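Numbered from 1 within each chain, the chains take letters A, B, ... in sequence-line order.
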Amino acid sequence: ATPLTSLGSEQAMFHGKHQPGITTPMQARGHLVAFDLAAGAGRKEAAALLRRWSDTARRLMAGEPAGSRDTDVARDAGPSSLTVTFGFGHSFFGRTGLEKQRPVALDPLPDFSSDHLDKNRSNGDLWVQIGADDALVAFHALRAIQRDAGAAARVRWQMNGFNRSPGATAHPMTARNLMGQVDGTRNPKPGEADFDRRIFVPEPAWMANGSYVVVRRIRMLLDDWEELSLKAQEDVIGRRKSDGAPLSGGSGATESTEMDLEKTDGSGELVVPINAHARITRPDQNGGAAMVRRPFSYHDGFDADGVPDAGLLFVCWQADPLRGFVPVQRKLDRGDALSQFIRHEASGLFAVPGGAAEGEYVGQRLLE
Amino acid sequence: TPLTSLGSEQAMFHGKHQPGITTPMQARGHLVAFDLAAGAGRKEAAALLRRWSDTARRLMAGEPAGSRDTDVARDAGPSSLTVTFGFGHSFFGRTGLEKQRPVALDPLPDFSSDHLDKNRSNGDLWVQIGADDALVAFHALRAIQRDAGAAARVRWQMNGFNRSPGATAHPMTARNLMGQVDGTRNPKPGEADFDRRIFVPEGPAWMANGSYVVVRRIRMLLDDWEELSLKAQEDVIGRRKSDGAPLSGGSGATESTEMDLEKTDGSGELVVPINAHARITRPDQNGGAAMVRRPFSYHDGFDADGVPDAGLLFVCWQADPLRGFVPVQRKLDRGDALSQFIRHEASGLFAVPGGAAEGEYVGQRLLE
Ligand code: HEM
Ligand code: HEM
């Protein structure tokens with residue numbers, strides 16, 4: 001019996017080989033933020049900021065207040081699986097005299113033909129991912145990180161997201177997105193032999209045990225999507241909406257049943273379409289290209305014509321974007337059945353170092 | 001209490017009163033207003049409320065929509081979903097129902113501290129959606145909005161949140177983003193004068209057992225608030241942040257300890273300040289004016305200058321605004337210590353009829 005109090009009492013590790021928020025389970029509430037360093041903030045001011053943030057992360061993740069004038073917003077809650085994760089944009093390095101430590105992996109993402117990117121709401125010197133299963137715990141951490149920046153950095157953009165809550169379902173199971181799809185079945189998992197090689201930089205040296213995140217604010221064209229038949233929607237993905245099983249499966253097939261990419265109709269046509277999203281994204285269709293996807297859904301209102309500003313805050317993790325996000329998205333751009341129903345409207349690519357050790361701050365190897 | 005309770009708990013649709021008034025607080029909220037389209041009169045509004053009521057009934061039972069279900073809520077339990085319907089002053093002129101317009105919908109005063117967005121205020125029709133799972137809540141918002149179809153457009157829509165079930169080690173009163181205990185003195189069904197305070201009795205007959213809701217989008221000036229000392233913040237409310245007790249209370253006092261309004265300190269100054277919010281808002285300071293308060297917090301991001309668009313979606317419930325919201329806000333406008341740290345930025349006043357009986361729709365006695 002998992003008690004209801006688990007939601008609040010569950011606590012994620014701040015200190016680790018890897019920073020939290022990568023392999024951490026899905027969280028109900030998410031806030032992504034980018035900061036740009038102030039004019040005249042250099043290496044010294046950035047190091048001080050990262051120390052402040054790391055101290056704040058550490059305290060909050062353990063359910064402790066920030067300091068004396070902590071706002072009390074998270075008071076009485078448990079840690080609620082709070083995680084805070086820090087990353088560095090390509091632009092950070094030129095602001096701090098660290099151009100020679102800028103990883104080749106931060107080279108800008110391609111200009112994909114399907115891009116519709118608000119560049120103000122994209123990129124940034126610094127990125128912070130906050131997640132928790134309690135909205136006050138999450139907001140408290142966002143506000144404390146944002147206040148820590150003070151005048152030394154400014155908020156460039158900031159997006160809010162959500163997922164299913166713990167306990168929403170009778171048993172824990174893969175999440176859904178706002179298209180109503182089972183979303184998360186085929187991620188690489190810790191314990192798989194190639195997981196570390198796929199996801200983490202091995203033990204420039206400041207990125208040891210780090211990962212590269214790609215964030216994409218992807219609007220779902222729900223007004224078009226929701227006029228489609230079940231067949232049409234399922235053909236876009238290649239998996240069933242009911243349980244996430246491959247379309248190649250029978251009634252007995254489940255979410256775990258392997259996809260049969262050769263199966264055909266009586267009539268000769270492939271049961272899993274040739275441009276289905278869950279076919280064409282697989283590592284075995286992309287020379288081994290792989291990523292961990294760990295997103296939040298978003299809804300930020302309606303425009304004048306009733307169009308919802310709703311979608312997926314797509315967040316993926318990889319040891320090298322050129323063996324993950326980039327080749328896959330090159331294929332998806334025009335080659336994916338899903339592309340017609342979505343719009344990439346903001347993006348970022350950030351270097352996320354290893355977890356801090358006792359006494360350390362996140363990114364200390366880089367800044368020291 | 002098992003974690004699955006978050007999902008399995010179910011609020012009732014059918015009843016003497018609509019859900020979402022006395023219902024416990026929920027972790028996720030969507031408030032939406034709609035305006036009737038050209039060509040939508042009384043008969044089109046009745047059909048709309050019939051649609052909406054059927055959707056609310058199904059969804060509140062954890063069932064899919066009756067048709068074109070998106071699967072977004074699939075596998076989740078009801079998650080304490082509630083859906084609540086009301087009518088604005090403007091509705092009655094659009095449908096030929098001017099003779100049924102309650103006096104209670106007469107426009108709120110123009111308070112000197114108002115800073116209202118006219119286009120995010122008011123509206124013909126109001127819907128309140130809340131749940132403890134965000135996919136359940138979004139699925140209900142999207143279904144209600146899609147039921148509107150050609151009958152009505154979305155005028156405005158706001159997202160809110162609260163604490164999650166299980167975030168605390170045992171159930172406690174909510175906090176808000178000012179870090180205050182928020183909800184202590186909310187009237188409850190078993191207390192002495194509750195029905196007379198909150199519900200139209202068995203004023204136009206179609207509102208029998210209904211209530212009047214006042215919605216205020218109140219931005220919290222957190223940048224100014226959070227530079228105050230603890231003493232200053234506690235003086236603004238009249239209650240302690242740590243435990244919500246009256247400042248007049250001793251070391252043993254808790255949130256429910258009765259406030260002493262006459263208690264002075266060693267220098268003869270009142271311990272609960274004369275302009276403290278939790279003094280001046282009490283029914284006994286307002287000729288018996290009272291309301292149920294059942295809000296959500298909001299955070300919609302930052303403006304270009306770093307100012308959070310964050311605050312309280314204040315939602316209050318009363319039998320008559322003239323003996324609830326209106327006289328209290330008249331007092332608060334300039335009189336309240338809190339007023340300095342908030343701004344009222346949107347408003348709505350809606351008539352929320354009684355609940356639907358078995359085989360009925362909400363608002364039936366008005367629209368048919
Ligand atoms: C809003 C946009 C998107 C939606 C709705 C979506 C939805 C899905 C769904 C339903 C699945 C199948 C179940 C699963 O294995 O998780 C999936 C798998 C996947 N998606 Fe997406 N996706 C989106 C965008 C992206 C993008 C932009 C990328 C990469 C550039 C991506 C990469 C993948 C990968 C790698 C898989 C797993 C492939 C495999 O089976 O091995 N998706 N996606
Ligand atoms: C951002 C805006 C506001 C904040 C932060 C706020 C905060 C609070 C807090 C902390 C309490 C004390 C604990 C409790 O009993 O709930 C309280 C009580 C109350 N507030 Fe507010 N409030 C706000 C706006 C309003 C407005 C606009 C009204 C009515 C016009 C209102 C009416 C009340 C009433 C009636 C009480 C209970 C008084 C009693 O002890 O009988 N508040 N509020």
Trainee: Would you check if B:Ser242 and A:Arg75 make a side-chain contact, meaning some heavy-atom pair closer than 4.5 Å?
Mentor: yes
Trainee: Can you name the one residue among A:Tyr212, A:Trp127, A:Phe35, A:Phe325 that meets ring-ring contact (aromatic ring centres under 6.0 Å, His included) with A:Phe350?
Mentor: A:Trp127
Trainee: Taking the side chain as everything from C-beta on, heavy atoms only, tell me whether A:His90 gets closer than 4.5 Å to A:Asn123.
Mentor: no
Trainee: Below 4.5 Å, heavy atoms only, C-beta onward: do A:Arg147 and A:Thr71 meet side chain to side chain?
Mentor: no
Trainee: Using a 6.0 Å cut-off, check whether atom CD of B:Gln340 has over 12 heavy atoms from anything other than its own residue.
Mentor: no
Trainee: Taking atom CZ of A:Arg323 and atom CE of A:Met291, what is their separation to the nearest 0.5 Å?
Mentor: 10.0 Å
Trainee: Would you check if the side chain of A:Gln101 reaches a backbone N or O of A:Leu98 as a donor-acceptor pair within less than 3.5 Å?
Mentor: no
Trainee: Working note: A:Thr24 + A:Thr85, criterion side chain to side chain contact (heavy atoms under 4.5 Å, CB included); need CA distance, chi angles, decisive distance, verdict.
Mentor: CA-CA 11 Å; A:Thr24 311; A:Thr85 313; over 6 Å; no
Trainee: Is a side-chain N or O of B:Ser339 found less than 3.5 angstrom from the main chain of B:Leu332, in a donor-acceptor match?
Mentor: yes
Trainee: So does B:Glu227 get a backbone contact from the side chain of A:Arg69, meaning a donor-acceptor N/O pair under 3.5 Å?
Mentor: no
Trainee: Considering all heavy atoms of both residues, which atom of A:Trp317 and which atom of A:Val213 are nearest to each other, and what is their separation?
Mentor: CZ3-CB, 3.6 Å
Trainee: Between B:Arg219 and B:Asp300, does any NZ, NE, NH1 or NH2 come within less than 4.0 Å of an OD or OE carboxylate oxygen?
Mentor: no
Trainee: For residues A:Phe195 and A:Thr23, determine if any side-chain heavy atom of one lies less than 4.5 Å from a side-chain heavy atom of the other.
Mentor: yes
Trainee: Test salt bridge (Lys or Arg N to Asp or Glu O under 4.0 Å) on A:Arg59 and A:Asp55; report intermediate values, then the result.
Mentor: CA-CA 6 Å; A:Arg59 293 182 58 74; A:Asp55 286 341; over 6 Å; no
Trainee: I'd like to check A:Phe296 versus A:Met26 (side-chain heavy atoms, cut-off strictly below 4.5 Å). Are they in contact?
Mentor: no
Trainee: Test: salt bridge (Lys or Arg N to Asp or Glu O under 4.0 Å). Region: residues 23-36 of chain A. Which pairs qualify, not counting sequence neighbours?
Mentor: A:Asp36-A:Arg156
Trainee: Could you state the interatomic distance from CD (A:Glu360) to CZ (A:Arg51), rounded to the nearest 0.5 Å?
Mentor: 8.0 Å
Trainee: Ignoring hydrogens and angles, state whether a donor on the side chain of A:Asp133 or A:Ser80 is under 3.5 Å from an acceptor on the partner side chain.
Mentor: no
Trainee: Do the two ring centres, one from A:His18 and one from A:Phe200, sit under 6.0 Å apart?
Mentor: yes
Trainee: Going from CD on A:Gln146 to OG1 on A:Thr56, what distance comes out if it is rounded to the nearest 0.5 angstrom?
Mentor: 12.0 Å
Trainee: Where the side chain of A:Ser122 meets the backbone of A:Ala346, is there a donor-acceptor pair that is under 3.5 Å apart?
Mentor: no
Trainee: Would you compute the distance between atom CG of A:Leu126 and atom CG of A:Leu50 and round it to the nearest 0.5 angstrom?
Mentor: 6.5 Å
Trainee: Could you pull out all residues at least two apart from B:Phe161 that satisfy ring-ring contact (aromatic ring centres under 6.0 Å, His included)?
Mentor: none
Trainee: Which distance, rounded to the nearest 0.5 Å, do you find between the CG of B:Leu228 and the CD of B:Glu234?
Mentor: 11.5 Å
Trainee: Quick check for you: to the nearest 0.5 Å, what is the distance between B:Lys241 atom NZ and B:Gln233 atom CD?
Mentor: 4.0 Å
Trainee: Do you know which two heavy atoms are closest between A:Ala149 and A:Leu49, and how far apart they sit?
Mentor: CA-CD1, 3.7 Å
Trainee: Say whether, by atom type as modelled, one donor and one acceptor occur between the side chain of A:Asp118 and the main chain of A:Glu345 under 3.5 angstrom.
Mentor: no
Trainee: What are the two closest non-hydrogen atoms of A:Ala46 and A:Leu367, and how far apart are they?
Mentor: CB-CD1, 4.2 Å
Trainee: Just to verify, which of A:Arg343, A:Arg216, A:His344 counts as forming a side-chain hydrogen bond (donor to acceptor under 3.5 Å, both in side chains) with A:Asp115?
Mentor: A:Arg216
Trainee: Side chain to side chain contact (heavy atoms under 4.5 Å, CB included) for B:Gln180 and B:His277? Distances and angles first, verdict last.
Mentor: CA-CA 12 Å; B:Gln180 299 146 351; B:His277 179 80; over 6 Å; no
Trainee: Only one of A:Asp76, A:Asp72, A:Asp134 clears salt bridge (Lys or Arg N to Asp or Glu O under 4.0 Å) with B:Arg175; which?
Mentor: A:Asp76
Trainee: Using a 6.0 Å cut-off, check whether atom CD of A:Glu99 has over 12 heavy atoms from anything other than its own residue.
Mentor: yes
Trainee: Can A:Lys17 and A:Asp196 be counted as an ion pair, charged N to O under 4.0 angstrom?
Mentor: no
Trainee: Does atom CD (A:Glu45) have a neighbourhood of more than 12 heavy atoms from anything else shown, all under 6.0 Å?
Mentor: yes
Trainee: Please give me the minimum heavy-atom distance between B:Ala310 and B:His299, naming the atom from each residue.
Mentor: CB-ND1, 3.7 Å
Trainee: Would the distance check show the side chain of B:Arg239 and the main-chain N or O of B:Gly244 forming a donor-acceptor pair, the cut-off being under 3.5 Å?
Mentor: yes
Trainee: Judged by atom type as modelled, is there a donor-acceptor pair below 3.5 Å linking the side chain of A:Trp206 to the main-chain atoms of A:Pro353?
Mentor: no
Trainee: For the backbone of B:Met178 and the side chain of B:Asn176, can you confirm whether one donor and one acceptor N or O come within less than 3.5 Å of each other?
Mentor: yes
Trainee: Do you know which two heavy atoms are closest between B:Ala253 and B:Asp243, and how far apart they sit?
Mentor: O-OD2, 3.1 Å
Trainee: Check whether more than 12 heavy atoms from other residues, nucleotides or ligands sit under 6.0 Å from atom CZ of A:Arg293, and answer yes or no.
Mentor: yes
Trainee: Which heavy atom of A:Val315 sits nearest a heavy atom of A:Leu32, and at what distance?
Mentor: CG2-CD1, 4.2 Å
Trainee: Considering only heavy atoms from C-beta outward, does the side chain of A:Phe86 approach that of A:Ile145 to under 4.5 Å?
Mentor: yes
Trainee: Under the side chain to side chain contact (heavy atoms under 4.5 Å, CB included) rule, what do A:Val104 and A:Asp320 come out as? Steps first, then yes or no, please.
Mentor: CA-CA 9 Å; A:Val104 161; A:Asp320 184 350; over 6 Å; no
Trainee: Can you tell me if A:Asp70 and A:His140 form a side-chain donor-acceptor pair at under 3.5 Å?
Mentor: yes
Trainee: Would the distance check show the side chain of B:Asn162 and the main-chain N or O of B:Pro295 forming a donor-acceptor pair, the cut-off being under 3.5 Å?
Mentor: yes
Trainee: Apply side chain to side chain contact (heavy atoms under 4.5 Å, CB included) to the pair B:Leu312 and B:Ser297, showing each step before the final yes or no.
Mentor: CA-CA 5 Å; B:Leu312 197 66; B:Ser297 295; 4.3 Å; yes
Trainee: Looking at side-chain heavy atoms only, is the closest gap between B:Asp235 and B:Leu247 below 4.5 Å?
Mentor: yes
Trainee: Determine whether a donor-acceptor pair (N or O, by modelled atom type, separation under 3.5 Å) exists between the side chain of A:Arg164 and the backbone of A:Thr174.
Mentor: yes
Trainee: Side chains of A:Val352 and A:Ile22, heavy atoms from C-beta outward: is any pair under 4.5 Å?
Mentor: yes
